[PDB]
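Residue numbers (the entry's author numbering), protein chains in the order written: chain a, 2 to 103; chain O, 9 to 137; chain b, 2 to 82; chain h, 1 to 25; chain B, 2 to 10, 14 to 233; chain R, 2 to 131. Where is the CB? At the ideal position from N, CA and C, for every residue including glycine. For reference, the structure is listed below as C-alpha cells.
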RNA sequence: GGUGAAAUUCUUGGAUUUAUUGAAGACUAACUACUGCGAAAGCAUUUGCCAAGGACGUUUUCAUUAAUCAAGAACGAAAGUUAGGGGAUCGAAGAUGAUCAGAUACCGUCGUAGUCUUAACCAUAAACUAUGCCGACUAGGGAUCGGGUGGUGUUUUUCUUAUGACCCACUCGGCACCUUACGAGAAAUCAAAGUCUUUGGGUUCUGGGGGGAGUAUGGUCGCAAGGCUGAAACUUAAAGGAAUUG
Ligand SMILES: [Mg+2]
Ligand SMILES: [Mg+2]
Ligand SMILES: [Mg+2]
Ligand SMILES: [Mg+2]
Ligand SMILES: [Mg+2]
Ligand SMILES: [Mg+2]
Ligand SMILES: [Mg+2]
Ligand SMILES: [Mg+2]
Ligand SMILES: [Mg+2]
Ligand SMILES: [Mg+2]
Ligand SMILES: [Mg+2]
Ligand SMILES: [Mg+2]
Ligand SMILES: [Mg+2]
Ligand SMILES: [Mg+2]
Ligand SMILES: [Mg+2]
Ligand SMILES: [Mg+2]
Ligand SMILES: [Mg+2]
Ligand SMILES: [Mg+2]
Ligand SMILES: [Mg+2]
Ligand SMILES: [Mg+2]
Ligand SMILES: [Mg+2]
Ligand SMILES: [Zn+2]
Ligand SMILES: [Zn+2]
C-alpha cells in the first residue's frame, strides 16, 4: 500500500540523485531523502560564556558560532529522536513543527 | 597593551581523545603536549570532559610557568571524513583554560572541512550497530 | 458559468485570451510606419521584426531584434498602422 | 528463501551442470 | 594512563633537563601598511655555531587577526598570514604572505535561498608576486521582493564573474604588494565590484577571500626596510 | 476531589432555568427553596444541589454564564441591545463630512447614475513587504 | 588507534599531534530546493572550442509530409569481463582482533579484484510514477521555472532615457503541490486511475489460480558470467490485494 504520495523521497522528476553519507552510521542515502538539519551552535555552551568572558583580553569580543549541515540516514534519525513517527492523518502536515517559542 | 605573551590553544577533540596543546603565535614550536587521555586510565574516558579539564589545568600551569599569558583558541574536530562535530571533552578543556588565570582571546573553529572529496569509512550500508 | 454567449463574449475577455485560442484566430502583432532621424523616408516595419531593418537609402538600424517585439531606435518615431 | 537467493542457487546449479556437461563432451 | 607496551626499537637515565632555558624570545614587527605595527613575540632555541637561529627564523609563518593590526573591530573576521624572512636581533621583520577569512564569517554568509557566486583569478602583480585571488558574492533580495528565493540565472552568474575577473586583473596587474594591501585593508575593491555589478544583478556580501600567494621573486632587503618603520 | 458530578449540575441548571426569581445568595435559603420546589430523596443530595445553586447565584451576579437562559436575563439583553447612539456612525458625519474613497468606486457611483457626495483620492499601487 | 567495552596495530630511531611545504589519484561539500535539463540510464569547480535541443515569439515557408509500431536497430545504473595506463580513499574475497553455545556475521584493524581511467564486451536492476504513447473534453487555488506581452509601477543612476532586478495582471509550455467529487474505483487513493453496462478517439506490449519455475529442453546472442525465448508431468484449495477490530 502506498505509504506516502511523495514516496517519502522528494525527487519527482530527476530519475536519480547524487547520494550523500550519513553523519552517524555512514549510510549512503539520496540527498533529497536525507532529512537534513542545520546545527548552528556556539563554540562554548551557555554555562561557559561567563568564564571565557572574564578570562578574555578583549572586552567586547563576541564568541563565534560553529556551522555545519547534518545529513542523517533515516534509521539513525528515527533512533536519535530528531524525527518522529506520526499518525496517518498528521503525516501530510508539511510545515515544520510550530515554534514552541511563541 | 601590557605586553601579554600570546599563544594558540589548538584544542583537538575527537570522540575518543582530547588534545590540549598550546603553541606560539607561529605555531611551529610546541610548549606543552600533555594529552587528555593521559590524565585517565580507563581508556574509555580519554575524551571524557574531566580528562580534558585536567589536561587543560596542566597546560595552564605549564603556560604560567613558561611565561605564556594569553592564548588564542583553536577548536578542532576530527575533520576529514570521520566527523564534523567537536569532541565531547574539548568543551570542558576550553572551560578549564578559561577558569585557570590565563587570558583568552580570538576563539574560533578550525575544523578541516573537505569539499566532498573522498570515500567515507563504513561502506554503502555503513555502521550496523 | 452554466450559461454564457460564446458567440459574442466580452471584448476584454478575447483580448485577454491567448492567440490561437479566441473564437476566431487573429494575430496580435501589427505593422508600423517608422520615420528615421536622417531623412524623411517613411518605412513599414513588422512589430516582431526578426532582422535589423534598415533604410534603403542609408544604413541605419531602425530596429534591433529581440525575443519578442522588435526594439526601435531612440531617434526613430513610430505610428501604428 | 528470498527469490534473489533462489535465483542465485539456481545459477550455481546451472554452473555446476554446465561444468559437468563440458566434462562429458 | 600507561596503557603502553613500551615496544621501543634504551639508556639507563635520560637527561631531559631544561628545554626552555636554551630558548630565547623574538619580537615580531608587521609591514607599515598595518597600523598597530607591533605583532607579538615568538620563542626559539638559542643560537649555536653550526645552526644559526636566524636560519630557522627565516621561513616561519605567523597567523594574526586583522583587527589586532588595525584596532577597529570592523576587521575581526579577517586573517592575515605573515612570513618571517629577516631578523634584526631580538626583533624580526616580516613580509606579506596571504589573507583569509575566519571560517565563522565564511559559513555565516552562506545562507539558503540565495545563490553564491565564486570566482577565481591567477595574476602576476606589478613587480613579480604571482598571486591567486578569490572572490565571493551573494545574490541579494531586492528591497521589495515577495519572491522568497533570489536565485540568479547561469548567464547572470557568468557575466558577473567575467566582470569580477576584469576588475581583479585590473587592480592587481597595476599595483605592488604595498599598494595592494593598502587597497585590501579598506576593501575598496569590494565597493568597485559592487558598483560594476549593480547593473547586471543586485549583489550582496561581496568579499575578497583567500588571497593566496603562488610565487615570490628574489628578496630585496631595501624594499623590506621600506615596508617597515 | 469534590467535583459535583452530573446529577447536581443538571438539577441546578434546571432549577435556575425554571425558578430564577425565587433563588437567593444565602445557602440555607436556597436549601429550603430546593427542599420545597424539588422532590429529593436524600438530604445530602439536596445539600449538594443547594451548594452548586449558590455557586451559580454567585456566577450570575458576577455576570451571565453559558448554557443557562432564564427569562429575566433576556431583559438585560434587551437593555444592552436596545441602546443606540443618537447620531449614526455612517451618515456622512464623521471625518469632516467627507466620504473618502478611490477613483474606481467613484466611477461605480457615476455609472449607477445617482448623486452622492464623493471625495476621490487615488491610493498608491505600492505593495509593501508586510 | 578503536569501541558498548576491549584487543589486533604504531610508537622516546619519538609515533599521535604543530607548523609549513611537496607528491599522487579522488570528488566537487556548504550553495542544493516538493528547483533545471536529458529519451532513459544520468547530469553539479572554472572558461574556451565544438556541435545538439526543449520552450516562447513569428501577418516566415512546405501542404498531410502524421500517431503507434512485429522485423531490425542506437543508448542503456552498478557489479562483471578482457587487454594497456593509474594505484589516494574505500574496499568484496581473504588475514585477523573481539561477542557468542556456536559466528569464517553484525563491530575493530589491515587488506588483493573492483572502485578511476583508454579501446572492446556485457544489456541486467524495486531501469518505480511499481501508472505505454498520441489526441479531445471535464474544477477551482495559489505558488515555482523558462519565454512573450502590457504597465505613466518600484527602485535603481550615467544628470535621465535604455537596461538590468524587482512589484501587478495575463498568456504559452514543464516539474509538482493544495482543496474538493460532482465521476471513478474492492478499497488505500486518483484531477487522472474520470468522460467504462448510458460498455467503441488511434494504437503497440502483456496476464488468465498458486506452485512446479523463469526450472527442464530446444534455439540464438555472449570469450565467460549470463541474457533473450520458454514448457510440461505432477501437486495444491487456496495463494494474494485493501482495509477493520483485537
Ligand atoms: Mg507496510
Ligand atoms: Mg522531463
Ligand atoms: Mg538499528
Ligand atoms: Mg568490515
Ligand atoms: Mg611527530
Ligand atoms: Mg560546488
Ligand atoms: Mg539552478
Ligand atoms: Mg518489436
Ligand atoms: Mg559502469
Ligand atoms: Mg588491470
Ligand atoms: Mg571477513
Ligand atoms: Mg575469526
Ligand atoms: Mg582500510
Ligand atoms: Mg527486466
Ligand atoms: Mg515495469
Ligand atoms: Mg515506461
Ligand atoms: Mg498457473
Ligand atoms: Mg518461479
Ligand atoms: Mg540452450
Ligand atoms: Mg506482492
Ligand atoms: Mg493487508
Ligand atoms: Zn546513520
Ligand atoms: Zn535611412
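Interface partners of residue i on chain O, CB under 7 Å
{"i": "residue 83 of chain a", "result": "The contacting residues do not exist; residue 83 of chain a stays about 14 Å from chain O at best."}
Collapsed DSSP secondary structure at residue i in the structure displayed
{"i": "residue 12 of chain B", "result": "Inspection of chain B shows residue 10 followed directly by residue 14; residue 12 of chain B is thus not represented."}
{"i": "residue 28 of chain R", "result": "helix"}
{"i": "residue 200 of chain B", "result": "helix"}
{"i": "residue 62 of chain b", "result": "strand"}
{"i": "residue 120 of chain R", "result": "strand"}
{"i": "residue 44 of chain B", "result": "strand"}
{"i": "residue 33 of chain B", "result": "strand"}
{"i": "residue 20 of chain h", "result": "helix"}
{"i": "residue 50 of chain a", "result": "helix"}
{"i": "residue 10 of chain B", "result": "coil"}
{"i": "residue 33 of chain R", "result": "helix"}
{"i": "residue 95 of chain B", "result": "strand"}
{"i": "residue 69 of chain B", "result": "strand"}
{"i": "residue 126 of chain R", "result": "coil"}
Candidates the options, of which the one nearest residue i by Cα
{"i": "residue 46 of chain B", "options": "B:166, B:23, B:37, B:32", "result": "B:32"}
{"i": "residue 79 of chain B", "options": "B:191, B:35, B:201", "result": "B:191"}
{"i": "residue 108 of chain R", "options": "R:122, R:96, R:95", "result": "R:122"}
{"i": "residue 26 of chain R", "options": "R:8, R:15, R:52", "result": "R:52"}
{"i": "residue 46 of chain O", "options": "O:37, O:62, O:13, O:34", "result": "O:62"}
{"i": "residue 105 of chain B", "options": "B:152, B:162, B:227, B:210", "result": "B:210"}
{"i": "residue 125 of chain O", "options": "O:95, O:90, O:137", "result": "O:90"}
{"i": "residue 29 of chain b", "options": "b:78, b:70, b:39, b:52", "result": "b:70"}
{"i": "residue 67 of chain B", "options": "O:9, O:31, O:12", "result": "O:31"}
{"i": "residue 182 of chain B", "options": "B:231, B:168, B:141", "result": "B:231"}
{"i": "residue 41 of chain O", "options": "O:85, O:71, O:75", "result": "O:71"}
{"i": "residue 39 of chain a", "options": "a:72, a:5, a:29, a:26", "result": "a:72"}
{"i": "residue 9 of chain a", "options": "a:92, a:98, a:100, a:99", "result": "a:92"}
{"i": "residue 9 of chain O", "options": "a:45, a:15, a:58", "result": "a:58"}
{"i": "residue 203 of chain B", "options": "B:112, B:147, B:160, B:185", "result": "B:160"}
{"i": "residue 139 of chain B", "options": "B:150, B:9, B:163, B:215", "result": "B:215"}
{"i": "residue 21 of chain R", "options": "R:130, R:48, R:71", "result": "R:71"}
{"i": "residue 165 of chain B", "options": "B:123, B:142, B:146", "result": "B:123"}
Partner residues on chain O for residue i, Cβ-Cβ distance less than 8 Å
{"i": "residue 64 of chain B", "result": "34, 36"}
{"i": "residue 52 of chain a", "result": "103, 106, 107"}
{"i": "residue 45 of chain a", "result": "99, 102, 103, 115"}
{"i": "residue 48 of chain B", "result": "37"}
Partner residues on chain B for residue i, Cβ-Cβ distance less than 7 Å
{"i": "residue 66 of chain a", "result": "108"}
Listed by chain order, chain a residues near residue i by CB distance under 8 Å
{"i": "residue 110 of chain O", "result": "56"}
{"i": "residue 77 of chain B", "result": "61"}
{"i": "residue 87 of chain O", "result": "Under the 8 Å cutoff, chain a gives no residues; its nearest Cβ is about 11 Å from residue 87 of chain O."}
{"i": "residue 134 of chain O", "result": "22, 23, 26, 27, 28, 29, 74"}
Residue i: contacting residues in chain a (beta-carbon distance under 9 Å)
{"i": "residue 95 of chain O", "result": "Under the 9 Å cutoff, chain a gives no residues; its nearest Cβ is about 12 Å from residue 95 of chain O."}
Amino acids of chain B, ordered along the chain, whose beta-carbon sits closer than 9 Å to that of residue i
{"i": "residue 48 of chain O", "result": "2"}
Quick check: the segment 75-85 of chain R against the segment 30-45 of chain R, are there 3 or more CB pairs under 8 Å? no
Taking one C-beta from the segment 56-69 of chain a and one from the segment 98-117 of chain O each time, how about it: are there three or more such pairs within less than 8 Å? yes
Counting beta carbon pairs with one atom in the segment 29-39 of chain a and one in the segment 8-24 of chain b, are three or more of them shorter than 8 Å? no
Are three or more beta carbon pairs between the segment 14-32 of chain B and the segment 94-103 of chain B nearer than 8 Å? Yes, they touch.
Do the segment 123-135 of chain B and the segment 171-183 of chain B meet, that is, are 3 or more Cβ pairs less than 8 Å apart? yes
For the segment 99-113 of chain O against the segment 41-59 of chain a, do three or more pairs of beta-carbon atoms, one drawn from each stretch, fall closer than 8 Å, so that the two count as touching? yes
Given 8 Å as the limit, is there contact between the segment 7-18 of chain R and the segment 207-226 of chain B, that is, 3 or more CB pairs closer than that? no
Can you find at least 3 beta carbon pairs, one from the segment 98-107 of chain O and one from the segment 53-73 of chain O, that sit closer than 8 Å? Yes, the segment 98-107 of chain O is in contact with the segment 53-73 of chain O.
With three or more beta-carbon pairs closer than 8 Å as the criterion, would you say the segment 49-61 of chain O touches the segment 85-102 of chain a? no
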